[PDB]
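Every read-out reported here was derived from the displayed coordinates using simple, explicitly stated rules and does not represent laboratory data. Every residue, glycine among them, receives a Cβ derived from its backbone with ideal geometry; neighbour counts consider all protein chains shown.
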Amino acid sequence: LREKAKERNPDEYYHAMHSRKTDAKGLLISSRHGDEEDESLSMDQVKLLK
Amino acid sequence: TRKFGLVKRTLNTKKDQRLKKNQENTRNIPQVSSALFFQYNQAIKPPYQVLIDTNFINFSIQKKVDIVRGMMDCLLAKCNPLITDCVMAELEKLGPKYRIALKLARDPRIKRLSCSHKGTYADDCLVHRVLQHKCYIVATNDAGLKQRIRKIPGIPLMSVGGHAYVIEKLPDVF
Amino acid sequence: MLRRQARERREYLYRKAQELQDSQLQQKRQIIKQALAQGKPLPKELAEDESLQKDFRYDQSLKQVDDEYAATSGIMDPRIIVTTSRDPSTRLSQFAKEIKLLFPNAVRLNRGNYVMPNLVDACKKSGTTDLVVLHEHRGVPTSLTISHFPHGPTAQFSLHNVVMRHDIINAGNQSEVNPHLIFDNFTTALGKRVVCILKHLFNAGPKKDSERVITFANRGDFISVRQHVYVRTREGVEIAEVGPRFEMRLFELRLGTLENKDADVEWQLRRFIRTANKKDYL
Amino acid sequence: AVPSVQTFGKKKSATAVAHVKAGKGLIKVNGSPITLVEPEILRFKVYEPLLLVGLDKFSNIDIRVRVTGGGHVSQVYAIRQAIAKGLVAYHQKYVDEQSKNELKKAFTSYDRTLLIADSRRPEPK
Amino acid sequence: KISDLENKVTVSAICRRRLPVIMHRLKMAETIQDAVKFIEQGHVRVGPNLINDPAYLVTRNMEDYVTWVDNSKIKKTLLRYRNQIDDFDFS
RNA sequence: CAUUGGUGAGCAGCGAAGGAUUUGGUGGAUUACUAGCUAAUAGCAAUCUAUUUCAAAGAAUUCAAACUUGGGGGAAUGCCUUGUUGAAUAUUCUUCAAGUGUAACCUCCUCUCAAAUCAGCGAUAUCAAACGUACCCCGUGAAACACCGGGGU
RNA sequence: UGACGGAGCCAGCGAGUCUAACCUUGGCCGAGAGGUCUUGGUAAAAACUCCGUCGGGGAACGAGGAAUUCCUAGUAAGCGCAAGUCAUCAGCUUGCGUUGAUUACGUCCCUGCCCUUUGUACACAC
RNA sequence: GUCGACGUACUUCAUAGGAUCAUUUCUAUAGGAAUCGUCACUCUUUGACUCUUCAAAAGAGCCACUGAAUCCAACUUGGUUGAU
Ligand SMILES: [Zn+2]
């Protein structure tokens, strides 16, 4: 796993570099809720859920 | 607004169905027989029903024994020997210099039972009549057929040697 | 450069691992050449191959220094760097200068607050053959590594009996001319690795009558190196000693540089083994 | 959205991540104003990208800078680097180009270390 | 091997020193069609000049020097993933 | 406390009988403008036909012609090339033979990657629930510092 | 190149169900091994910035003689933190980061070392 | 010092009986089933075509006129005797 650090080739572009983000320390963050649909409730959904 | 990486449309071979070679595109566990013990085969009782090869007839002539009268000497009980329809199709196919065996094969005490096959080859007509029932008692002297039946459990194989016949997998020898 | 220098390592591996699978084909093409030359019988699995039969019609035209040193071997002079561990004692900072004098083409760069990456990586850039780093215990120098730079091997040496040159007398200063060498008692194939990794630290082709000769002697698994001058009298050669006495012992041999620390270990001195004291070059 | 520009600044082992966005004119370092930098003598070493070009050009922008690594001095060389880079990379993006070449010629004549990292890579003799 | 020269010289050997294969070998684009999509749109370059024919043969020596073309929208997105853009480069 | 994240309520401000986003279709450009048609020194353009023909001119390899073929090996039968047998009076036709002759025809190669995905497996982790430990409370019960259930921190 | 006490903020390597002491008085339980509690003794990021306060040695010793060696930029030097990787070191070793200069960078005059003394290589020039 | 001779030790070498497919009829065998000018419906498989998700990237570019859809502002109608 350290051998892959030596050979990162920092021109690599995979198309899932839009859904993933990265913390400012440098290691990535992944959501607790995981799904694409459990992101954050809209105001119309909260107006019903309250 | 035309798309990128366009390429001339051409014939898939690994995927298309119009090609001849690409046109092509419940378990079964047979129960071991309700007769059979571990190897004992507790159902076979006299009289016996014995299948016969071509080879068992040919070495019966060289060793001067009757079929029916000579089998009862080895077997000590009554037996009904019965040549299948595939085996008689071999005995005719052996030809002119085996015709004295073909006379002795058609004897009204030698029974005949038909089969539903597409073939002459009686070496594999015979084992298939044995797995599906396991009441028969094979009389062969083929080397490859003996090995084909000694792996089958509980089927008394019978061969000819020296003077009289010999049996192998009968527990009730005497 | 950094991407180029990495990818030549990757292809050098795949050119090396190809040879191990083609060493078997290297062996069988000896049999075809000899049996064509003298001898009828031909073995079974080499008989049934039609692949290797057609393959031989090209292969009939084919035919030693180490594979890392192979491109440079006699052509280019080495340029080497003797550098010290970290905040050196004033005894060993003298002793790096005797290593700087024992080789030709050797410069001494004092090390402090360099890292081993940016001293390696700022040396492949400037282009040097290899790197000599020393260590010490309380002024007595103990260890020594030579590490060939263009992804070449390294050899961590332990060196026990040292006598620095500055202890003795103000007898003068060394000859500094290209030395002859003396390699004694190297029989093992690992012993030939230590031959070809030490030998290329000297400038190629010494004169037939240069006057200082550097012996590398291997009695009892401790490579013992001394520095000598010689003159030839009317009957015998008479010699005298200048420069350091070493005992020396390699104990691990990586295929990468001394930067790398996870490279493949060609050899490693096993201490803790039931037959450790028995064998030689083990 | 919000117009921003992110530039880096680097001395010995200290980074400096300066987000520059259009705003009101506040300049923060680590969630603290730039008048409270630690070494207190080198505070005018980070007022250089403020005072070289003129303090008017910070009236519409925000300079959020956060630094890690380094020491006391070698962070001050990182915040003066990322404010100069963060100012001169906002005028080529969201303000006028002729502003940028006025700035890049202003920081150059004063001290080129504001823009490009003076990397003191080793030399063997 | 001297008999690679008759046995291993195949078109699929010479057709994988193509540029879009090399951009898939160096893990630049995800797939091999998608690399043709990035060459044709103009995001890749060899040294100074960008390359626009997809079918550019690339020397093993020249295989070092393929990069994304600078200030591109596809070399900008890569640097946002590592949170390491620097718009003084206007990456 | 920070959002350089999403939704959604408001205000300052900008604000001439409204504003913003998105898109279908046609036109004019995208190089430097001398008109359409035909049988074209002229005629048409409502049409060339009951002048549209004759005359003139016009026939080279005495029958040059795949500059075009993925690479090995073959080519029986073909075809080509040369040699020959036989007939009609040098060519035409016919018969047989031979060619490290072959862009017909047989055969092996021209695929199997210093590759990447999807599926299994599954770690550093995460959310919830139950269960465990201690602690007070409530029901059941006549009652047990309850050896009955439950709630809570 | 001070002494003390607060306050201020700055790193980079490092994470194997593995990381760690001795001696003693005394109680209780236990057939014992031992358990448990008790008791005393002995070992074992900094510089930096800011404020407050201050103005001989306990004989060898007040910054180290002649001589002598190393040393050219993130270098000399100052500072602490870390790990202990089959040799080597724990009386220490090797890493890592912080703050970081002066003086050369010329010349063969000296002391050494070395090379050459057919121009051979092909122009022109010497 | 190496290479023979002998002794020892291991490794290796021969398979056979059938059946089917292979020739633009026919693999050699008569012990084998296939010669038809088609009209519907159901079901399944594959391919385009238009949108399109993981998920972007790039626009043969600019103007003019006419047409449409969405979103507020406005107005009208219904709406606490109950709109969503
Ligand atoms: Zn049958």
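Listed by first and then second residue, the pairs linking a residue in the range B:13-40 that is more than 14 Å from chain E (Cβ to nearest Cβ) and assigned to a loop (DSSP other than H, G, I, E, B) to a residue that is away from RNA strand H (no atom under 12 Å from the Cβ) and polar (S, T, N, Q), with Cβ atoms under 7 Å apart and 6 or more places separating them unless they lie on different chains, are B:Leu19/B:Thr13; B:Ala35/B:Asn41; B:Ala35/B:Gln42.
The condition (being within 21 Å of the chain's Cα centre (by Cα) and away from every other protein chain (no Cβ under 14 Å)) is satisfied by just one residue among A:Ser31, A:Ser19: A:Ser31. Taking E:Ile2 as the residue in question, decide whether it is more than 11 Å from the chain's Cα centre (by Cα) and either under 30 Å from D:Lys85 (Cβ atoms) or more than 12 Å from every other protein chain (Cβ to nearest Cβ) (or both). No. Here is the figure for the range B:130-149: residues that are assigned to a helix (DSSP H, G or I) and within 16 Å of RNA strand H (Cβ to nearest atom) total 7. Considering the conditions (1) touching a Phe, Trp or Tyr at 6+ places or on another chain (Cβ under 9 Å); (2) within 14 Å of another protein chain (Cβ to nearest Cβ); (3) closer than 27 Å to C:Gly191 by Cβ; (4) of a type in the set (A, V, I, L, M), C:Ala106 is excluded by exactly one of them, (1).
D:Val95 satisfies every condition listed in (1) loosely packed, with under 15 Cβ neighbours inside 10 Å; (2) more than 28 Å from D:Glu40 (Cα to Cα) except (1). Taken as a whole, the structure leaves B:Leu131 outside the set of residues that are hydrophobic (A, V, I, L, M, F, W, C) and buried (at least 19 other Cβ atoms within 10 Å of the Cβ).
Among the residues making up the range E:43-81, those that are of a type in the set (A, V, I, L, M, F, W, C), under 19 Å from E:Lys27 (Cβ atoms) and more than 10 Å from chain A (Cβ to nearest Cβ) are E:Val46, E:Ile51, E:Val58, E:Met62, E:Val69. Pairs linking a residue in the range E:34-54 that is over 19 Å from A:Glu12 (Cβ atoms) and outside any loop (DSSP other than H, G, I, E, B) to a residue that is away from the ligand (no atom under 16 Å from the Cβ) and among the aromatic types (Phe, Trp, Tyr), with Cβ atoms under 6 Å and 6 or more positions apart or on different chains, are E:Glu40/B:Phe4. Looking at the range C:71-94, which of its residues are assigned to a loop (DSSP other than H, G, I, E, B) and within 10 Å of chain D (Cβ to nearest Cβ)? Of everything in the range C:71-94, just one residue is assigned to a loop (DSSP other than H, G, I, E, B) and within 10 Å of chain D (Cβ to nearest Cβ), namely C:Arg79. When D:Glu48 is tested against the conditions (1) surrounded by 19 or more Cβ atoms within 10 Å (Cβ to Cβ); (2) touching a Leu at 6+ places or on another chain (Cβ under 8 Å); (3) of a type in the set (D, E, K, R), the lone failure is (1). Comparison of B:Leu94, B:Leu126, B:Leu104, B:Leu82 shows that the only residue that is among the hydrophobic types (A, V, I, L, M, F, W, C), more than 16 Å from RNA strand G (Cβ to nearest atom) and out of contact with any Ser or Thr (no Cβ under 9 Å at 6 or more places or on another chain) is B:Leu82. The residue list C:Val115, C:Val162, C:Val132, C:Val140 contains one member that is within 14 Å of chain D (Cβ to nearest Cβ) and surrounded by 15 or more Cβ atoms within 10 Å (Cβ to Cβ), which is C:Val132.
Of the residues that sit in the range B:100-125 and are charged (D, E, K, R) and near RNA strand H (Cβ under 10 Å from one of its atoms), which one is farthest from the other protein chains (Cβ to nearest Cβ)? My answer is B:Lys118. If you check C:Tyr12 against the conditions, is it over 30 Å from E:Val66 (Cβ atoms) and out of contact with any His (no Cβ under 6 Å at 6 or more places or on another chain)? No; evaluated as a whole, the condition is false for this residue. Taken as a whole, the condition of being more than 11 Å from the chain's Cα centre (by Cα) and either in a helix (DSSP H, G or I) or within 16 Å of RNA strand G (Cβ to nearest atom) (or both) does not apply to E:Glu30.
Applying the set (1) closer than 22 Å to D:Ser13 by Cβ; (2) away from chain C (no Cβ under 14 Å); (3) touching a strand residue (DSSP E or B) at 6+ places or on another chain (Cβ under 8 Å) to D:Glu48 leaves exactly one unmet item: (3). Does A:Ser30 satisfy being of a type in the set (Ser, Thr, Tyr), away from RNA strand G (no atom under 16 Å from the Cβ) and more than 25 Å from D:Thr68 (Cβ to Cβ)? So A:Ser30 does not fit the description; no.
Looking across the range E:5-26, the residues that are within 13 Å of chain C (Cβ to nearest Cβ) and part of a loop (DSSP other than H, G, I, E, B) come down to E:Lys8, E:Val9, E:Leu26. Taken together, the criteria place C:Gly74 among residues that are under 28 Å from the mean Cα position of the chain (by Cα) and of a type in the set (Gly, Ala, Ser).
When D:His72, D:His91 are screened for being away from chain C (no Cβ under 14 Å) and in contact with a helix residue (DSSP H, G or I) (Cβ under 6 Å, 6 or more places away or on another chain), only D:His91 passes. With respect to the stated conditions, D:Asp96 fails to be within 30 Å of C:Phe149 (Cα to Cα) and away from chain C (no Cβ under 14 Å).
From the list B:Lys111, B:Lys134, B:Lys169, the lone residue that is within 17 Å of B:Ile57 (Cα to Cα) and in contact with a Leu (Cβ under 9 Å, 6 or more places away or on another chain) is B:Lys111. Taking the range E:28-84, which residues are exposed (fewer than 14 other Cβ atoms within 10 Å of the Cβ), of a type in the set (D, E, K, R) and near RNA strand H (Cβ under 9 Å from one of its atoms)? Scanning the range E:28-84 gives a single hit, E:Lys73. Whether any residue in the range C:243-251 is surrounded by fewer than 17 Cβ atoms within 10 Å (Cβ to Cβ) and within 30 Å of C:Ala6 (Cβ to Cβ) is what I want to check. Scanning the range C:243-251 turns up at least one residue that is surrounded by fewer than 17 Cβ atoms within 10 Å (Cβ to Cβ) and within 30 Å of C:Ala6 (Cβ to Cβ). If you check B:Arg2, B:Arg9 for being out of contact with any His (no Cβ under 7 Å at 6 or more places or on another chain), within 14 Å of chain E (Cβ to nearest Cβ) and within 16 Å of RNA strand H (Cβ to nearest atom), only one passes: B:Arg2. For C:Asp55, state whether it is away from every other protein chain (no Cβ under 14 Å) and out of contact with any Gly (no Cβ under 9 Å at 6 or more places or on another chain). Spelling it out, it is not the case that C:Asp55 is away from every other protein chain (no Cβ under 14 Å) and out of contact with any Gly (no Cβ under 9 Å at 6 or more places or on another chain). Filtered by the rule that a residue be under 21 Å from C:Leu181 (Cα atoms), in contact with a helix residue (DSSP H, G or I) (Cβ under 6 Å, 6 or more places away or on another chain) and outside any loop (DSSP other than H, G, I, E, B), the range C:95-120 gives C:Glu98, C:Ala106.
Among residues of the range A:1-16 being loosely packed, with under 10 Cβ neighbours inside 10 Å and part of a loop (DSSP other than H, G, I, E, B), the one that is farthest from the other protein chains (Cβ to nearest Cβ) is A:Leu1.
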